[PDB]
$ cat run.pdb   # PDB, N, CA and C atoms and all ligand atoms
MODEL        1
ATOM      1  N   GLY A   1     -33.153 -18.461  -4.752
ATOM      2  CA  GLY A   1     -34.242 -19.454  -4.858
ATOM      3  C   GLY A   1     -35.538 -18.696  -5.008
ATOM      4  N   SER A   2     -36.483 -19.184  -5.819
ATOM      5  CA  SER A   2     -37.479 -18.311  -6.476
ATOM      6  C   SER A   2     -36.780 -17.156  -7.227
ATOM      7  N   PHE A   3     -37.459 -16.035  -7.501
ATOM      8  CA  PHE A   3     -36.796 -14.834  -8.029
ATOM      9  C   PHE A   3     -35.576 -14.453  -7.168
ATOM     10  N   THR A   4     -34.437 -14.174  -7.806
ATOM     11  CA  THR A   4     -33.154 -13.915  -7.131
ATOM     12  C   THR A   4     -32.360 -12.882  -7.933
ATOM     13  N   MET A   5     -31.557 -12.054  -7.259
ATOM     14  CA  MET A   5     -30.670 -11.062  -7.884
ATOM     15  C   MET A   5     -29.224 -11.238  -7.394
ATOM     16  N   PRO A   6     -28.510 -12.287  -7.851
ATOM     17  CA  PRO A   6     -27.122 -12.579  -7.458
ATOM     18  C   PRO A   6     -26.070 -11.615  -8.062
ATOM     19  N   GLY A   7     -26.442 -10.368  -8.380
ATOM     20  CA  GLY A   7     -25.530  -9.365  -8.954
ATOM     21  C   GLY A   7     -25.280  -8.165  -8.036
ATOM     22  N   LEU A   8     -26.326  -7.374  -7.756
ATOM     23  CA  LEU A   8     -26.236  -6.065  -7.085
ATOM     24  C   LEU A   8     -25.249  -5.088  -7.768
ATOM     25  N   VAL A   9     -25.032  -3.925  -7.144
ATOM     26  CA  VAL A   9     -24.053  -2.908  -7.556
ATOM     27  C   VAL A   9     -23.717  -1.998  -6.368
ATOM     28  N   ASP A  10     -22.449  -2.000  -5.950
ATOM     29  CA  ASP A  10     -21.913  -1.327  -4.757
ATOM     30  C   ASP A  10     -20.407  -1.042  -4.912
ATOM     31  N   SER A  11     -19.812  -0.360  -3.929
ATOM     32  CA  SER A  11     -18.369  -0.074  -3.884
ATOM     33  C   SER A  11     -17.539  -1.262  -3.373
ATOM     34  N   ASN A  12     -16.236  -1.225  -3.654
ATOM     35  CA  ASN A  12     -15.260  -2.286  -3.396
ATOM     36  C   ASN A  12     -14.017  -1.721  -2.661
ATOM     37  N   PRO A  13     -14.137  -1.413  -1.355
ATOM     38  CA  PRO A  13     -13.100  -0.750  -0.563
ATOM     39  C   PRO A  13     -12.013  -1.721  -0.058
ATOM     40  N   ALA A  14     -11.102  -1.204   0.773
ATOM     41  CA  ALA A  14     -10.058  -1.969   1.459
ATOM     42  C   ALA A  14      -9.717  -1.374   2.848
ATOM     43  N   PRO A  15      -9.202  -2.203   3.785
ATOM     44  CA  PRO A  15      -9.000  -1.842   5.195
ATOM     45  C   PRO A  15      -7.983  -0.712   5.515
ATOM     46  N   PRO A  16      -8.056  -0.134   6.739
ATOM     47  CA  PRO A  16      -7.231   0.988   7.221
ATOM     48  C   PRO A  16      -5.890   0.595   7.885
ATOM     49  N   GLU A  17      -5.223   1.583   8.507
ATOM     50  CA  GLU A  17      -4.230   1.364   9.576
ATOM     51  C   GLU A  17      -4.735   0.371  10.644
ATOM     52  N   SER A  18      -4.213  -0.862  10.645
ATOM     53  CA  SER A  18      -4.279  -1.842  11.751
ATOM     54  C   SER A  18      -3.451  -3.106  11.490
ATOM     55  N   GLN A  19      -2.288  -3.210  12.133
ATOM     56  CA  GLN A  19      -1.731  -4.504  12.546
ATOM     57  C   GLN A  19      -0.902  -4.295  13.833
ATOM     58  N   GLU A  20      -1.405  -3.449  14.737
ATOM     59  CA  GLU A  20      -0.554  -2.597  15.581
ATOM     60  C   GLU A  20      -1.272  -2.172  16.875
ATOM     61  N   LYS A  21      -0.776  -1.133  17.566
ATOM     62  CA  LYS A  21      -1.301  -0.711  18.877
ATOM     63  C   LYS A  21      -1.421   0.792  19.171
ATOM     64  N   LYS A  22      -1.023   1.630  18.221
ATOM     65  CA  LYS A  22      -1.195   3.092  18.156
ATOM     66  C   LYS A  22      -2.642   3.576  18.378
ATOM     67  N   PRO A  23      -2.833   4.878  18.671
ATOM     68  CA  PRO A  23      -4.144   5.501  18.614
ATOM     69  C   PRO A  23      -4.559   5.771  17.169
ATOM     70  N   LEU A  24      -5.771   6.298  17.028
ATOM     71  CA  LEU A  24      -6.321   6.735  15.761
ATOM     72  C   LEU A  24      -6.958   8.126  15.878
ATOM     73  N   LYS A  25      -7.210   8.737  14.724
ATOM     74  CA  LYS A  25      -7.665  10.120  14.525
ATOM     75  C   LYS A  25      -9.066  10.053  13.915
ATOM     76  N   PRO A  26     -10.036  10.880  14.325
ATOM     77  CA  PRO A  26     -11.437  10.730  13.909
ATOM     78  C   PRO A  26     -11.693  11.287  12.487
ATOM     79  N   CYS A  27     -10.747  12.066  11.970
ATOM     80  CA  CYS A  27     -10.620  12.455  10.590
ATOM     81  C   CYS A  27     -10.092  11.304   9.688
ATOM     82  N   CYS A  28      -9.417  10.310  10.286
ATOM     83  CA  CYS A  28      -8.706   9.236   9.590
ATOM     84  C   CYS A  28      -9.262   7.800   9.801
ATOM     85  N   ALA A  29      -9.847   7.497  10.963
ATOM     86  CA  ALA A  29     -10.384   6.171  11.275
ATOM     87  C   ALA A  29     -11.581   5.846  10.367
ATOM     88  N   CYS A  30     -11.934   4.560  10.235
ATOM     89  CA  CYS A  30     -13.032   4.104   9.367
ATOM     90  C   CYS A  30     -13.055   4.818   7.988
ATOM     91  N   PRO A  31     -11.923   4.877   7.259
ATOM     92  CA  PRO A  31     -11.689   5.872   6.211
ATOM     93  C   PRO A  31     -12.576   5.644   4.985
ATOM     94  N   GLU A  32     -13.018   4.407   4.784
ATOM     95  CA  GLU A  32     -14.041   3.995   3.825
ATOM     96  C   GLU A  32     -15.433   4.604   4.099
ATOM     97  N   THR A  33     -15.941   4.556   5.337
ATOM     98  CA  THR A  33     -17.141   5.319   5.737
ATOM     99  C   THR A  33     -16.867   6.820   5.785
ATOM    100  N   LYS A  34     -15.659   7.253   6.168
ATOM    101  CA  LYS A  34     -15.215   8.659   6.130
ATOM    102  C   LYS A  34     -15.279   9.249   4.715
ATOM    103  N   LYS A  35     -14.795   8.504   3.716
ATOM    104  CA  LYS A  35     -14.886   8.805   2.275
ATOM    105  C   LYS A  35     -16.326   9.014   1.842
ATOM    106  N   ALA A  36     -17.162   8.048   2.204
ATOM    107  CA  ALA A  36     -18.592   8.065   1.908
ATOM    108  C   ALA A  36     -19.330   9.226   2.606
ATOM    109  N   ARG A  37     -18.956   9.560   3.847
ATOM    110  CA  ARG A  37     -19.475  10.711   4.596
ATOM    111  C   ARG A  37     -19.176  12.006   3.846
ATOM    112  N   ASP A  38     -17.896  12.233   3.581
ATOM    113  CA  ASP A  38     -17.392  13.453   2.959
ATOM    114  C   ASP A  38     -17.808  13.581   1.481
ATOM    115  N   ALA A  39     -18.000  12.479   0.747
ATOM    116  CA  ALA A  39     -18.635  12.506  -0.575
ATOM    117  C   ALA A  39     -20.107  12.957  -0.510
ATOM    118  N   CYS A  40     -20.873  12.494   0.484
ATOM    119  CA  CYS A  40     -22.237  12.974   0.744
ATOM    120  C   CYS A  40     -22.270  14.496   0.990
ATOM    121  N   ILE A  41     -21.218  15.009   1.621
ATOM    122  CA  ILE A  41     -21.027  16.426   1.927
ATOM    123  C   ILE A  41     -20.585  17.234   0.694
ATOM    124  N   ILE A  42     -19.800  16.643  -0.210
ATOM    125  CA  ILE A  42     -19.506  17.205  -1.541
ATOM    126  C   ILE A  42     -20.775  17.279  -2.413
ATOM    127  N   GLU A  43     -21.689  16.313  -2.285
ATOM    128  CA  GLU A  43     -22.965  16.275  -2.999
ATOM    129  C   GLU A  43     -24.010  17.296  -2.500
ATOM    130  N   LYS A  44     -24.056  17.560  -1.186
ATOM    131  CA  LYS A  44     -24.933  18.569  -0.552
ATOM    132  C   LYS A  44     -24.248  19.373   0.562
ATOM    133  N   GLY A  45     -23.769  18.652   1.572
ATOM    134  CA  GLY A  45     -23.461  19.142   2.916
ATOM    135  C   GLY A  45     -23.899  18.105   3.952
ATOM    136  N   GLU A  46     -23.394  18.178   5.185
ATOM    137  CA  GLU A  46     -23.572  17.102   6.166
ATOM    138  C   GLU A  46     -24.986  17.038   6.725
ATOM    139  N   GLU A  47     -25.657  18.181   6.761
ATOM    140  CA  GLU A  47     -27.036  18.289   7.211
ATOM    141  C   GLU A  47     -27.990  17.358   6.423
ATOM    142  N   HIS A  48     -27.730  17.128   5.122
ATOM    143  CA  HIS A  48     -28.514  16.245   4.251
ATOM    144  C   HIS A  48     -28.072  14.771   4.330
ATOM    145  N   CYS A  49     -27.146  14.458   5.237
ATOM    146  CA  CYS A  49     -26.243  13.337   5.153
ATOM    147  C   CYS A  49     -25.871  12.758   6.530
ATOM    148  N   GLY A  50     -26.598  13.067   7.606
ATOM    149  CA  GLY A  50     -26.252  12.524   8.924
ATOM    150  C   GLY A  50     -26.406  11.019   9.050
ATOM    151  N   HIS A  51     -27.291  10.362   8.302
ATOM    152  CA  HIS A  51     -27.245   8.896   8.188
ATOM    153  C   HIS A  51     -25.898   8.352   7.682
ATOM    154  N   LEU A  52     -25.134   9.160   6.938
ATOM    155  CA  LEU A  52     -23.772   8.838   6.524
ATOM    156  C   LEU A  52     -22.782   9.149   7.640
ATOM    157  N   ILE A  53     -23.051  10.205   8.410
ATOM    158  CA  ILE A  53     -22.200  10.565   9.545
ATOM    159  C   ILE A  53     -22.365   9.540  10.653
ATOM    160  N   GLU A  54     -23.576   9.071  10.914
ATOM    161  CA  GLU A  54     -23.899   8.162  11.994
ATOM    162  C   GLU A  54     -23.302   6.773  11.769
ATOM    163  N   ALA A  55     -23.510   6.169  10.595
ATOM    164  CA  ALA A  55     -22.864   4.895  10.255
ATOM    165  C   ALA A  55     -21.325   4.945  10.382
ATOM    166  N   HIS A  56     -20.716   6.074  10.015
ATOM    167  CA  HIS A  56     -19.282   6.331  10.169
ATOM    168  C   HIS A  56     -18.845   6.572  11.622
ATOM    169  N   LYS A  57     -19.627   7.375  12.330
ATOM    170  CA  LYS A  57     -19.469   7.689  13.759
ATOM    171  C   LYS A  57     -19.358   6.415  14.588
ATOM    172  N   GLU A  58     -20.337   5.536  14.447
ATOM    173  CA  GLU A  58     -20.439   4.330  15.263
ATOM    174  C   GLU A  58     -19.376   3.296  14.881
ATOM    175  N   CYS A  59     -19.030   3.244  13.591
ATOM    176  CA  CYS A  59     -17.801   2.593  13.102
ATOM    177  C   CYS A  59     -16.551   3.024  13.902
ATOM    178  N   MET A  60     -16.185   4.318  13.932
ATOM    179  CA  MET A  60     -15.113   4.862  14.805
ATOM    180  C   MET A  60     -15.333   4.477  16.256
ATOM    181  N   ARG A  61     -16.544   4.599  16.795
ATOM    182  CA  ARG A  61     -16.847   4.355  18.204
ATOM    183  C   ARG A  61     -16.362   3.009  18.728
ATOM    184  N   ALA A  62     -16.475   1.952  17.912
ATOM    185  CA  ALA A  62     -15.921   0.611  18.194
ATOM    186  C   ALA A  62     -14.464   0.645  18.674
ATOM    187  N   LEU A  63     -13.687   1.574  18.115
ATOM    188  CA  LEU A  63     -12.250   1.690  18.305
ATOM    189  C   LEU A  63     -11.904   2.449  19.615
ATOM    190  N   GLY A  64     -12.895   2.718  20.481
ATOM    191  CA  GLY A  64     -12.722   3.387  21.778
ATOM    192  C   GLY A  64     -12.865   4.911  21.697
ATOM    193  N   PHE A  65     -13.830   5.398  20.919
ATOM    194  CA  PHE A  65     -13.753   6.705  20.244
ATOM    195  C   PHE A  65     -14.764   7.709  20.807
ATOM    196  N   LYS A  66     -14.352   8.982  20.875
ATOM    197  CA  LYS A  66     -15.083  10.087  21.500
ATOM    198  C   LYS A  66     -15.938  10.780  20.433
ATOM    199  N   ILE A  67     -17.081  10.151  20.151
ATOM    200  CA  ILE A  67     -17.948  10.297  18.967
ATOM    201  C   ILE A  67     -19.444  10.290  19.381
TER     202      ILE A  67
HETATM  203 CU    CU B   1      -6.687  12.674  10.025
ENDMDL
END

$ encode --input "run.pdb" --output "structure tokens" --more "lines below"
Ligand SMILES: [Cu+]
Amino acid sequence: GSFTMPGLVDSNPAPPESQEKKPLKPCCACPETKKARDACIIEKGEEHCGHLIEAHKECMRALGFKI
């Protein structure tokens, strides 16, 4: 309503390991944010990219995580 942008441009991911009761691995949990973290690190390194580590970190943290 008024000027509007009903398009955008972003990624189209899908969910992880979950219909179950097992533990998870911090290399493997939130694997969509993990992908995005490690791609930021392929582009520079993690030092340039902690806003990517933090969004991923806190994602894992929900799952009862030592992060
Ligand atoms: Cu892993």

$ residues_around --input "run.pdb" --residues "range 41-56 of chain A" --least-positions-apart "6" --cutoff "7 Å" --atoms "all atoms listed in the file" --output "ChimeraX atom specification"
/A:30,33-34

$ residues_near_point --input "run.pdb" --point "(-15.7, 6.7, 10.9)" --cutoff "12 Å" --atoms "only C-alpha atoms" --output "CSV table (one decimal) with N, CA and C atoms, in the coordinates of the input"
chain,number,residue,atom,x,y,z
A,16,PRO,N,-8.1,-0.1,6.7
A,16,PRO,CA,-7.2,1.0,7.2
A,16,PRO,C,-5.9,0.6,7.9
A,24,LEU,N,-5.8,6.3,17.0
A,24,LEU,CA,-6.3,6.7,15.8
A,24,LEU,C,-7.0,8.1,15.9
A,25,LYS,N,-7.2,8.7,14.7
A,25,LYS,CA,-7.7,10.1,14.5
A,25,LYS,C,-9.1,10.1,13.9
A,26,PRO,N,-10.0,10.9,14.3
A,26,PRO,CA,-11.4,10.7,13.9
A,26,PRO,C,-11.7,11.3,12.5
A,27,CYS,N,-10.7,12.1,12.0
A,27,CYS,CA,-10.6,12.5,10.6
A,27,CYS,C,-10.1,11.3,9.7
A,28,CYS,N,-9.4,10.3,10.3
A,28,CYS,CA,-8.7,9.2,9.6
A,28,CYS,C,-9.3,7.8,9.8
A,29,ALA,N,-9.8,7.5,11.0
A,29,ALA,CA,-10.4,6.2,11.3
A,29,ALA,C,-11.6,5.8,10.4
A,30,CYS,N,-11.9,4.6,10.2
A,30,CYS,CA,-13.0,4.1,9.4
A,30,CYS,C,-13.1,4.8,8.0
A,31,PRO,N,-11.9,4.9,7.3
A,31,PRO,CA,-11.7,5.9,6.2
A,31,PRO,C,-12.6,5.6,5.0
A,32,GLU,N,-13.0,4.4,4.8
A,32,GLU,CA,-14.0,4.0,3.8
A,32,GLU,C,-15.4,4.6,4.1
A,33,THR,N,-15.9,4.6,5.3
A,33,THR,CA,-17.1,5.3,5.7
A,33,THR,C,-16.9,6.8,5.8
A,34,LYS,N,-15.7,7.3,6.2
A,34,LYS,CA,-15.2,8.7,6.1
A,34,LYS,C,-15.3,9.2,4.7
A,35,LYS,N,-14.8,8.5,3.7
A,35,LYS,CA,-14.9,8.8,2.3
A,35,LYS,C,-16.3,9.0,1.8
A,36,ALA,N,-17.2,8.0,2.2
A,36,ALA,CA,-18.6,8.1,1.9
A,36,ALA,C,-19.3,9.2,2.6
A,37,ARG,N,-19.0,9.6,3.8
A,37,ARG,CA,-19.5,10.7,4.6
A,37,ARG,C,-19.2,12.0,3.8
A,38,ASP,N,-17.9,12.2,3.6
A,38,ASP,CA,-17.4,13.5,3.0
A,38,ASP,C,-17.8,13.6,1.5
A,52,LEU,N,-25.1,9.2,6.9
A,52,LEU,CA,-23.8,8.8,6.5
A,52,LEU,C,-22.8,9.1,7.6
A,53,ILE,N,-23.1,10.2,8.4
A,53,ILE,CA,-22.2,10.6,9.5
A,53,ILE,C,-22.4,9.5,10.7
A,54,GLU,N,-23.6,9.1,10.9
A,54,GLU,CA,-23.9,8.2,12.0
A,54,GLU,C,-23.3,6.8,11.8
A,55,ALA,N,-23.5,6.2,10.6
A,55,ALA,CA,-22.9,4.9,10.3
A,55,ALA,C,-21.3,4.9,10.4
A,56,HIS,N,-20.7,6.1,10.0
A,56,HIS,CA,-19.3,6.3,10.2
A,56,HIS,C,-18.8,6.6,11.6
A,57,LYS,N,-19.6,7.4,12.3
A,57,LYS,CA,-19.5,7.7,13.8
A,57,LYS,C,-19.4,6.4,14.6
A,58,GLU,N,-20.3,5.5,14.4
A,58,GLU,CA,-20.4,4.3,15.3
A,58,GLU,C,-19.4,3.3,14.9
A,59,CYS,N,-19.0,3.2,13.6
A,59,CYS,CA,-17.8,2.6,13.1
A,59,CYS,C,-16.6,3.0,13.9
A,60,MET,N,-16.2,4.3,13.9
A,60,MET,CA,-15.1,4.9,14.8
A,60,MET,C,-15.3,4.5,16.3
A,61,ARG,N,-16.5,4.6,16.8
A,61,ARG,CA,-16.8,4.4,18.2
A,61,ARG,C,-16.4,3.0,18.7
A,62,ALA,N,-16.5,2.0,17.9
A,62,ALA,CA,-15.9,0.6,18.2
A,62,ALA,C,-14.5,0.6,18.7
A,63,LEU,N,-13.7,1.6,18.1
A,63,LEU,CA,-12.2,1.7,18.3
A,63,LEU,C,-11.9,2.4,19.6
A,64,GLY,N,-12.9,2.7,20.5
A,64,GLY,CA,-12.7,3.4,21.8
A,64,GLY,C,-12.9,4.9,21.7
A,65,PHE,N,-13.8,5.4,20.9
A,65,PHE,CA,-13.8,6.7,20.2
A,65,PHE,C,-14.8,7.7,20.8
A,66,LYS,N,-14.4,9.0,20.9
A,66,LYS,CA,-15.1,10.1,21.5
A,66,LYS,C,-15.9,10.8,20.4
A,67,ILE,N,-17.1,10.2,20.2
A,67,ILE,CA,-17.9,10.3,19.0
A,67,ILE,C,-19.4,10.3,19.4

$ atom_distance --input "run.pdb" --atom1 "atom N of residue 39 in chain A" --atom2 "CA of residue 11 in chain A"
13.4 Å

$ atom_distance --input "run.pdb" --atom1 "CA of residue 18 in chain A" --atom2 "atom C of residue 40 in chain A"
26.6 Å

$ axis_aligned_box --input "run.pdb" --around "range 52-55 of chain A" --padding-each-side "4 Å" --output "lines of an AutoDock Vina configuration file"
center_x = -23.2
center_y = 7.7
center_z = 9.3
size_x = 11.8
size_y = 13.7
size_z = 13.5

$ atom_distance --input "run.pdb" --atom1 "atom CU of ligand CU 1 (chain B)" --atom2 "atom C of residue 23 in chain A"
10.2 Å

$ select_by_dssp --input "run.pdb" --residues "chain A" --states "alpha helix (DSSP H)" --output "PyMOL selection string"
chain A and resi 31-43+50-61
